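Shown below, as structure tokens, is a lone chain in the form deposited in one PDB entry; questions about how it binds or moves come after it.
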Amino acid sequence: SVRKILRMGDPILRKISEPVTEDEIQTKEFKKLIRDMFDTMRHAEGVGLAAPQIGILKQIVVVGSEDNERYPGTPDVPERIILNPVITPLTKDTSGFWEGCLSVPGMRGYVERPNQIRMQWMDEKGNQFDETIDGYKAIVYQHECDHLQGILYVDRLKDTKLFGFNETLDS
């Protein structure tokens, strides 16, 4: 079931999210959240979504879109559950992108993030991962983890002159 997606300005979006325990991810409540989160993301036509966006301060993130309307060019992103992620840049190289955020409706801003990263995380079944990610997903993952730390993409804007409303940016 779709849940409300908090908008920038709501203090929750700037608070820190706490890690999920290995027990908790078994709870019937956790499973309902992952369900609602996905349900919420697909409905919003999103690429990713962090728990804080729907009001929960837990280190939980879901991704996956394929043929996403909001971001035409972008390659598919398989559905995965990302828990307690910890990221580290592996390069200073960046691939600028006009990011958008479901908590920042109708806008887009240019952001340069490292295009190669190391991500450590645990999935819905408690499986541990530590892989180096690159490309579009590296951007999505970084964007999603920021949420777990109360950071939004507008905080990483490269130039406020490269920021605005969608319909307008698209000219």
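In this text, residue numbers run from 1 along the sequence as written. Basically, rigid core = biggest C-alpha set you can superpose within 1.5 Å across the two forms. Only residues modelled in both forms are compared.
FYI, the form deposited in another entry isn't displayed, but the following is about it.
The residue that stands out in 58, 137, 42, 70 is 70, the single one whose Cα moves by 2 angstroms or more between this form and the one not shown on a rigid core fit. CA of residue 69 to CA of residue 137: closer by 3 Å or more in that other deposited form than in the shown form. Cα of residue 70 to Cα of residue 131: at least 3 Å shorter in that other deposited form than in the shown structure.
66-74 is the sole run of three or more consecutive shared residues whose C-alphas all shift by 2 Å or more between this form and the one not shown after the rigid core is superposed.
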